[PDB]
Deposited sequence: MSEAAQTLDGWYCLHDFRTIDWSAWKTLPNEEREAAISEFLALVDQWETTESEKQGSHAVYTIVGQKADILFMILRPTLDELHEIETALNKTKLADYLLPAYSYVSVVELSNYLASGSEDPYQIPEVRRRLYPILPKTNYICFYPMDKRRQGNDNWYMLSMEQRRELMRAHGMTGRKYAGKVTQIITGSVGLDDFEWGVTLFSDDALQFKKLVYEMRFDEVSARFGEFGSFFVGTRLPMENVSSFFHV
């Protein structure tokens, strides 16, 4: 439990778009709101450039959310600051809360492979998929009640499945024990959305997922480039 290394805090803020209200909003007002929001992201982009954090915006398919802002920042107070600045934009009046997840990029800190994974510049992949997950603490299947070595072996097969889908799916695991309602946030990034299906399905047939995986909601979306943001809100 002391073996896990801790990088950036990560907020997945999923919002839904109040299209009806948004349409009511005058054109010039809508335009300003997009400008306002874009300048916000421009701030975030500066942070990313300084390697002081990272973000991703994805539009989510389905009705659980419309848009996902995924923010990685060094401090949790920074996260809070970003959420608050978002929420105080015009545009955010139309971005209703949908779901959020706070978590900490988790895997000595100095080593580059660790450094990259702990302070990850989020991949600009076509699609993203997010789900929070727990390890079952239920009866016979109680991961916590497992031996370190059992758990190690369990995680060995998990690593194998993951590794098959490396170079296809980038996987950012964030631990959220004591930050949120589940234990891990798994965020997958692929240029192919089907690879998410492929990876998560294969993984379920690993004892660790089969027996110990308790999952939250899955959200998949498509990258929203910032050049595409004006368009996406055009009514």
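List the gaps, meaning deposited-sequence segments with no CA coordinates, ordered along the sequence.
Comparing the full sequence with the modelled residues, the uncovered ranges come out as 1 to 3, 111 to 120.
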